[PDB]
Structure formats: structure tokens, C-alpha cells
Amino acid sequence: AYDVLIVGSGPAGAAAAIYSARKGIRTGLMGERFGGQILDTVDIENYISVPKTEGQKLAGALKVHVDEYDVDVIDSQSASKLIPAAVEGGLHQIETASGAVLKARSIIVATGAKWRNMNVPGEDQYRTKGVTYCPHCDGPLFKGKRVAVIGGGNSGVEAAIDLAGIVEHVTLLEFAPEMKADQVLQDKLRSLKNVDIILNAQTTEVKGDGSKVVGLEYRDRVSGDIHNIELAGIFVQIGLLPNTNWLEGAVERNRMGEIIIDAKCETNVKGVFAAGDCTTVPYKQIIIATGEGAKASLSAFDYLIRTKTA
């Protein structure tokens, strides 16, 4: 029985583990792959105080930092169910897909999320070489270049507006006959001179020169006609899917599947906290996730000292 069991080992979970183990408590960190989303990216220029680093290096540094403390790091395990303590102060349980069950006085869920993919040939090949899922992260890299934003929800429309102020031209492709973003965002986007919006648009292929992106092919869903666009960057903003369906019925979630948390990262279940992209935190970034993990760790500690075991 851990004093705290952190589920997910991306930036948020790692931060939580460091904060928890620093208090000398029995700390477990169970995740599918240490490092989380940062493992698939290269250049990171917004991890505050570090002008430039990369995913591999950063995940490595996160592991070293976690290993400076007494943390039981469990890797390649997926939480499949949360069994809330039946009685106040009782142990919470995390079951795994592999068939194990772990017990803990407090839980910190930090399972992150998955950005939906275009699922087209060329997408994988060009990830980090023009295909990007983060406007906040890579916007600064496209000055003077043409780019596309895939997705017409708030995230995509905001991203297109954001990029339009930095890049040469932006083309937003919306799968549906209409964008779902708030009207104010739609009006703002449509008012920009260096932006063109394509509705009923389904991307079909990412084209590159063997090294980086050079274009995008898509299909018009109404006519079925195929079209091409020249560009250097493709920002995929279809949607974010929090890794939280396994918690269905155990902890409240908002309409987007994000775990509902208050400022202290507390869920509706006492002793169960959550941090990072899997929560209702409004923005999804490494530095934001790390700060949240620290908060959740501190709240879990406060919970432990305020509640009597069993």
C-alpha cells in the first residue's frame, strides 16, 4: 500500500512523484511509458528556463530527477479500473490491464491525453518534420511559411488565428459543413486576410520531400474531388482525447472527458487527485503539466495528514 500511487508517468506524473517522494512517503509511479507525450517530439523551446531541449533529453532528465528520490517506478502497465475506498480513510485500488491490483492511501491520476490523428499516409513520416499537434509549441517555427490547421473547433480556429499573426498564410480544413468553434472565433478567423477556410475537407495525405512537409492533399466530402495545397506545416487540431475512459463512473469528468478538478487538483473522490492533460486544466503544455503534478502531490500529502488510516 503506497502512501501515494501516481498513474501515468509523463511530465505531470513525474513531477508528482518527485514532490511526493521528497516528503519521504511511499511513492509509486505507474505508467505505460515514462516521459509521456514528450517522448515523440524533438525540439522543445517553451519549457521555462530551458531555451531549447528535446523530448528524449527531457524525458531522460525527468527520469534522473525522479530517481534521485525513493520512487517505485513501474513501467509498461496500464490502469484499467479505480476502486474507490469503500470507507473514509480506506485504501484506494488501481487494477491494471495485465491483471494486477495495487493499493494506495491516495491516488494521483496523470494519464494525459492523445491528440487525434489525421490517419493518412505521410503523417507519421513527417511528425516533427512539419506535422505538429501543438500550435503553442511550434507556431514560432513557421515565420514566413504557409501552414494548415486541421480542425474547426475552438482549438483549431484559435490556432489558425494565432498562426495567422506569425506565419505567411494559414489554411484551416474543417471536415464538417460548418465549424463548431464559438461564433466570435469564427468571425475573427474569417476576418483575417492571410487565411482561407475549407469546409467539407478531409485530408487524405501528407506530402514531403523525404525530409520535411511540402504539401497536403485532401478530399472534398461533397463532390469527392481531390485537391492539393503547398505548405510547410500542418497543425492537427482535430481533438484531444483524455486517457480517462477507464475511470468511467469512478471519478467525475466534464463533457470533454477531462477529469474535473478544483484548484487543489482534487476530484470528487476524497484522496483521489488528478494532474495534467487528463484534467480540466485549460491548456495542455509540459510546463503546465509539471506545475499541476506538483500541486496534486502537495494536495495528496495534505489529504494523508488530515485523514486517519482505515
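Note that residue numbering begins at 1 and tracks the sequence as displayed.
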Check your understanding: Where do the C-alpha atoms have the higher mean temperature factor in this entry, in 264 to 272 or in 279 to 287?
Key -> 264 to 272
Check your understanding: Do the CA atoms of 166 to 174 or those of 224 to 232 have the higher mean B-factor in the entry?
Key -> 224 to 232
**Study point:** Out of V42, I259, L29, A59, highest CA B-factor residue
**Key:** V42
Exercise for review: Taking the chain's C-alpha temperature factors as the reference, tell me which third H136 falls into: lowest, middle or highest.
Suggested key: middle
Exercise for review: Sorting the chain's modelled residues by C-alpha B-factor, tell me whether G112 ends up in the lowest, middle or highest third.
Suggested key: lowest
Exercise for review: Select lowest, middle or highest to describe the third in which the CA B-factor of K188 falls within its chain in this entry.
Suggested key: middle
Review point. Is the Cα B-factor recorded for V64 in the lowest, middle or highest third of its chain?
Key: lowest
Practice item. Please rank the C-alpha B-factors of the chain's modelled residues and tell me whether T96 sits in the lowest, middle or highest third. Key: middle
